[PDB]
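Listed next as structure tokens is one chain, alone, in the form deposited in one PDB entry.
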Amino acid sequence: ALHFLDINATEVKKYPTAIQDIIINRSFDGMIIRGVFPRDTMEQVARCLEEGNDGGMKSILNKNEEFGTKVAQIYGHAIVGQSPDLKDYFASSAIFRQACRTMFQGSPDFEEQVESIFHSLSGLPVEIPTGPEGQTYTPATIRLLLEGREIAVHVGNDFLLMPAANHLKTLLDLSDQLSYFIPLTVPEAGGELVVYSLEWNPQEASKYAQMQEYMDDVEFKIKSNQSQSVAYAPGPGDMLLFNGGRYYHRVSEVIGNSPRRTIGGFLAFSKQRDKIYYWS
């Protein structure tokens, strides 16, 4: 039901309004972009993490043990669930950027390459957002899914309703936010991005007595009947760029000894629509 383009990284400049067309015009819902990073680069970065020679990335690993099976471990603080002051977020974000820059060894640089893609798909300048007093946001977090683990169903636009987003809302236009991620390592089986046709609907959610009741309905609505879905398994160095702000989605259980490792985040238009911000 959902329409995705499947293109190679070298063809991106032939789609100079792809981000506009996904968010504003809504003519299609996502993109696989093949070979944004070389496989050598992906394996180099995977080894750094595995070895511990990771530019200090393991010093900002959040295991999320208090939460259950339905959640990845995350290198760097994800903005989702943070307090609106973002002090811990800004500290870990500064560490992430430096550590990630070192691991990629400018071959190519993660930030430069990801920004190159987003520029090519929009014709606009691209920036990592900056805090109230100049503090850097993080462009991405690295998500680690071990065997048996998954990422529970969720929708991206709920972020706008969180305290964490109070600063970003001053900078962002309130159109849909996209999700992006590149696998560093893929598992033997499972760990697929499942995108459903069930859409974000805060109007419906407020009619319930609380969000607890609304997500319980959404969960039973999605498993498994009244919603079409599509699954994706990008390879190492492929970007999956899609409207996760609008569409409910999840990552299926990882099967096998090899963990799923992705580097990713989100993007959206600036208030003025003359710029793209990306972050995690």
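Quick note: we count residues from 1 along the sequence shown, nothing fancier. Think of the rigid core as the biggest set of C-alphas that the two forms share within 1.5 Å after superposition.
Below, we turn to the form deposited in another entry, even though it does not appear here.
Put simply, after the core is superposed between this form and the one not shown, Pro202 is the one residue in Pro202, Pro125, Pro132, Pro84 with a Cα shift of at least 2 angstroms. Once the cores line up, the CA of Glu50 ends up less than 2 angstroms apart between this form and the one not shown. Once both forms are overlaid on the rigid core, the distance between the two CA positions of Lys63 between this form and the one not shown is under 2 angstroms.
For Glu213, a C-alpha deviation of 2 angstroms or more is recorded between this form and the one not shown after rigid-core alignment. A shift of at least 3 angstroms brings the Cα atoms of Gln210 and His154 nearer to each other in the other form than in the displayed structure. Cα-Cα spacing of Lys207 to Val80 is reduced in the other form versus the present form (difference of at least 3 Å).
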